[PDB]
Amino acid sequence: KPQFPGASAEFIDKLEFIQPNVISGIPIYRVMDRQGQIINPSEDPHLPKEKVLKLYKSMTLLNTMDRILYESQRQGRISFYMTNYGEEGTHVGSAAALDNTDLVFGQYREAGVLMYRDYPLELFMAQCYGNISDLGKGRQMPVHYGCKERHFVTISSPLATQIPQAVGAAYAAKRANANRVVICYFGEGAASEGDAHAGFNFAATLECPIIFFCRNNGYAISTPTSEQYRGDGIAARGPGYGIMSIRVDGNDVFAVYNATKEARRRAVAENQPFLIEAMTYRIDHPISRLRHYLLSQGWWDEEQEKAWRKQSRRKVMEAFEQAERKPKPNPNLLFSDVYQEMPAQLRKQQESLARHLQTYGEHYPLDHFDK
């Protein structure tokens, strides 16, 4: 019987390498089929009609906003945009399984979490336009959303940096005795970063109540997953870290919901991390599948579909137009919040700018900026 502190195991008297099982990977959990029928009654969440309709409307409102802002970017009216197509179900389904005060970390595909949490169209637009209404004060590129009120940590561009941060936040929640989880969203590409290994391992050794939610859509920009990894996706990594793991069909809002709800329940109770890998497509769509479910229950119809399509387009267009005609913030906001306070040498730079603009102001877009 081996006496090694690094591992718990028997001896073996023959040489055998352990092979990866990639062809027969971890199976993909699904609740409803492509015609929106529940496959296994024991797995029905029986979400109430008003919640399921909120899932549908959040996803479709997001999709409407994407169409309009994508076009705005193509026209150069905003400088950058990332859509949510194919990710509407992973985000709304998981968000619906969280408590409203669970803290979310993510990156570029997480706008649906904010939409489910009722973030105003006006503030999505304000961030993308960098206008005076933006609580981010116009400092980050578009789609770098954040909301303190809705417990959604401000997005940043460097991939995977949020992963070990999310773990730290979860550790703090544990200590505060919170009944709170942290969820951390990232793509399969981002999972290649060293910060992912850091986060996964810290979460396990430090026993943190966190859900790692990996979106696997088969690509990172131009890179297919065959050039990203060679094991059985990201779900197969979890067990090597001592993390309970599952794979789900990201086109199935109910599969996502069920996995997230159970992960949340166990994470908070056991102070242990869970890994959910949701398989999606790079864009048999989450909105269509849920629509078929709605029709099967008698919860929606063509008239409602048409009317909501029209109402959501009007709501997005009103927010869009308002956002475009607001001024940008005062240029003075370029200098605040670098530190909490403003150091004197920084104030000196601010004063330099004000003097410069007094003299050379006609060469700057002053009329577009507040005050």
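What we label the rigid core is the largest C-alpha set whose atoms superpose within 1.5 Å from one form to the other. Heads up: residue numbers just count along the shown sequence, starting at 1.
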| field | More shifted region, core-based fit in 6 other deposited structures of this protein, 142 to 150 vs 75 to 83 by CA | value | 75 to 83
| task | Any chance you could tell me whether 105 to 113 or 122 to 130 drifts more in 6 other deposited structures of this protein, judged by RMS CA distance from this form after superposing on the core? | result | 105 to 113
| Which fits the stretch between residue 283 and residue 284: none, 1 to 3, 4 to 9, or 10 or more deposited residues lacking coordinates? | 10 or more
| remark: Ranked by mean Cα B-factor in the entry, 150 to 158 and 267 to 275, top stretch is 267 to 275
| message | Highest mean C-alpha temperature factor of the two stretches 34 to 42 and 55 to 63, which is it? | response | 34 to 42
| message | Just to confirm, going by the entry's C-alpha B-factors, which of 216, 177, 258, 127 comes out highest? | response | 177
| request: Within this chain's modelled residues, let me know which third the CA B factor of residue 80 belongs to: lowest, middle or highest. | output: highest
| Position of residue 341 among the chain's modelled residues by C-alpha B-factor, lowest, middle or highest third | middle
| Lowest, middle or highest third: where is residue 74 by C-alpha B factor in its chain? | highest
| Thinking about Cα B factors across the chain, which third does residue 301 belong to? | highest
| remark: Assert third(CA B-factor, residue 295) within chain per record equals highest
